[PDB]
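[1] mind folding the following:
(3 chains)
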Amino acid sequence: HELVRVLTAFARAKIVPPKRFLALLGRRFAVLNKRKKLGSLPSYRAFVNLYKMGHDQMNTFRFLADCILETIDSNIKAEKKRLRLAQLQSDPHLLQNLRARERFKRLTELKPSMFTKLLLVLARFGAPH
Amino acid sequence: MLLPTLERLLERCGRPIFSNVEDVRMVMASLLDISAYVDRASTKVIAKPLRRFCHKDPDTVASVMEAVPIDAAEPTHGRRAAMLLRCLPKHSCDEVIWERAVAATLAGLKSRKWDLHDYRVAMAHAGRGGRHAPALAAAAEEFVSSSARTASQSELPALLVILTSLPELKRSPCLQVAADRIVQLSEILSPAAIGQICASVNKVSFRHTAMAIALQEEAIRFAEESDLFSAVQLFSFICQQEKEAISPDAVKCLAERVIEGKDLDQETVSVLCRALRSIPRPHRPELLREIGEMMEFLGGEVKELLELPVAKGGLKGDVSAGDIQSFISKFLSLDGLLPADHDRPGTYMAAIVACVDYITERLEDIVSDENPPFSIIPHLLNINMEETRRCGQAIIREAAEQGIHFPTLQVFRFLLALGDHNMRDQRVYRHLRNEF
Amino acid sequence: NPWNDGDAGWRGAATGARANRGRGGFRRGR
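    Numbers count the residues shown, from 1 in each chain, chains lettered A, B, ... in the order given. Find the structure here:
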């Protein structure tokens, strides 16, 4: 998270460090993620920062997308296992929209617009569907 | 009578005591002028500080050269043209001074008035960069030729060190001429110089069968007279030769000589590993005993180096991934030499356990490098030992832990290894499935 | 496509399918 804050500070400064520096930062992200898992929202912030400062290396984008997706699927699996354990022991339109938005924000830790723009960026970079 | 005072000043000038640029310039100019009137014993005494200064301040070297021009009409000037080439840094030196030194060296070679030792000291460092004037070697192709038929046993290394200075010299027929002259003096041996000859000629892959037969003919003499460095260089050059030239009985004496070398640099260990790897297959069945006995103490030496601290030449704090990967890869390819059913020489598997536990104690940082030694994974897995496959499993698991993206061919090869050795880890399974 | 990152992959691999789509005679030999 300190490295994420460093990248955000550099993005605010509108100054682009060398490419090898950002590659080293991404490799440190990869190494340090085991001891302390990186959140989905900081991963999104780092993804936006790295994309804005012209970091061509696709490996960091792959790693950040993996970090987002692992958290999303872990949360989904957690809710599904809670439901399975429970079953083993055993305007309305506006309200439904609000409940769906709350559920999506709880699962993905991100607003739907930012998730969709992440998907659009991945599509532009040629990732598989 | 100025030798003690000048040597004391040379020792003292290494530290940054003089705080003036002009003082430094004048001291460098005086040293360059006075290096022409000292013996070879004090040569390094001039070279070591100047080189450091040349490493510290390569820019002032241009002004020093302007103050002290090079003249090829005096023998004493040879050291002047020999030290500076060593003094100038290999990669952090400007182009102008290098080109000027190249022109001065070409003029000195055209003069032919200098001393052969001066030619050695000059060219052995002029061949470090070789960035400009590609005709040098071609011009050198004549400089050696005039001395091709006159170099004695103690003068052949002088010409050969020059002959191996440039890549453009890898196709020089003067190497063949030197081989013919070695044939002329085949029986006449110099144990201190034959090692230098072998160390010079190993760079070029050229093979002259008759000369190698001549060198291995008198291995009885080389059992005592030849030193350890000469022994290892001669053994490498001999095994590198063709199958017809290699004498199976003669190469045994060199191997017996190299036994019990005690303190050996890791570079010569790698050289011995390559030497064992470069033995023709038909000769291996008759020399399994030699490979095994070399194996026995090679394992002990590499284990000692792994335990030895980096300061004394070990790998306790080793960080060069590209170096450890090559060292261990050569070590395990040396294991690949032996037959699968053949029982491994004793106390070698102890060195294997030392290698694997050392490579497992540092796992995150090794993979953290820009080019992690993923290519060492097959080398580990080609060995029929539980520990090797376990270490490969651990390496692939760590790689999964970082979630490093893999090329599809590497994914397929890792899956093939997974199927081949029937590993039962799950995190590796999930990551490999995702990557595929 | 940037996601390829200079990796031809299976389309540029050595597989038998890719090696079976040319008629050179294999005379010179790799």
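
[2] get me the contact residues on chain C for chain B.
    C:7, C:9, C:10, C:13 (Cβ under 8 Å from any Cβ of the partner chain). Where you see a C-beta, it was placed from the backbone N, CA and C, and this is true even at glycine.

[3] possible to save these as JSON lines with distance to chain A?
    Output for the residues of chain C next to chain B, formatted as JSON lines (distance: Cβ to the nearest Cβ, whole Å):
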{"residue": "C:7", "distance to chain A": "10"}
{"residue": "C:9", "distance to chain A": "12"}
{"residue": "C:10", "distance to chain A": "13"}
{"residue": "C:13", "distance to chain A": "18"}
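
[4] what parts of chain C come near chain A?
    C:1, C:2, C:3, C:4, C:5.

[5] these in strands, which ones?
    Judged by DSSP state E, strands contain none of the residues of chain C next to chain A.

[6] filter these down to just the buried residues.
    Taking 16 or more other Cβ atoms under 10 Å in any protein chain shown as the criterion, nothing in the residues of chain C next to chain A is buried.

[7] list buried residues within the residues of chain C next to chain B.
    Buried among the residues of chain C next to chain B (16+ other Cβ under 10 Å): none of them.

[8] circling back to that earlier point, any idea which of the residues of chain C next to chain A is closest to residue B:26?
    Comparing the residues of chain C next to chain A against residue B:26 with Cβ to Cβ picks out residue C:5 as the nearest, at 55.8 Å.

[9] how about the nearest residue to that closest one, chain neighbours excluded?
    For residue C:5, ignoring the flanking residues on the chain, the nearest one in space by Cβ to Cβ, 6 or more residues apart in numbering or on different chains is residue A:58 at 5.0 Å.

[10] now do that neighbour: how many residues are near it, please.
    The tally of other residues near residue A:58 (other Cβ atoms under 10 Å in any protein chain shown) stands at 17.

[11] I'd guessed it sits against residue C:3; true?
    Yes: with contact defined as Cβ atoms under 8 Å, residue A:58 reaches residue C:3; the gap is 5.7 Å.

[12] identify the contacts common to these two.
    Common contact partners of residue A:58 and residue C:3 (Cβ atoms under 8 Å, 6 or more residues apart in numbering or on different chains): residue A:125.

[13] determine how far whichever helix or strand residue B:200 is part of lies from the middle of the whole chain.
    In the assignment (DSSP states H and E), residue B:200 maps to helix B:191-201. Offset of helix B:191-201 from its chain centre (Cα atoms, centre = their mean, to the nearest Å): 14 Å.

[14] and the next helix or strand past it?
    Following helix B:191-201 toward the C-terminus (DSSP H and E): helix B:209-217.

[15] angle of that next one against helix B:191-201?
    140 degrees (axes from the mean of the first three to the mean of the last three Cα atoms, to 10 degrees).

[16] other SSEs contacting helix B:209-217?
    If you count contacts as 3 or more Cβ pairs under 8 Å, 6 or more residues apart in numbering or on different chains; DSSP states H and E, helix B:209-217 packs onto helix B:173-184, helix B:228-240.

[17] which of the helices or strands spans residue 43?
    Unless you meant another one, I'm taking chain A. Per DSSP H and E, the secondary structure element for residue A:43 is helix A:40-52.

[18] sorry, should have said chain B
    helix B:43-56.
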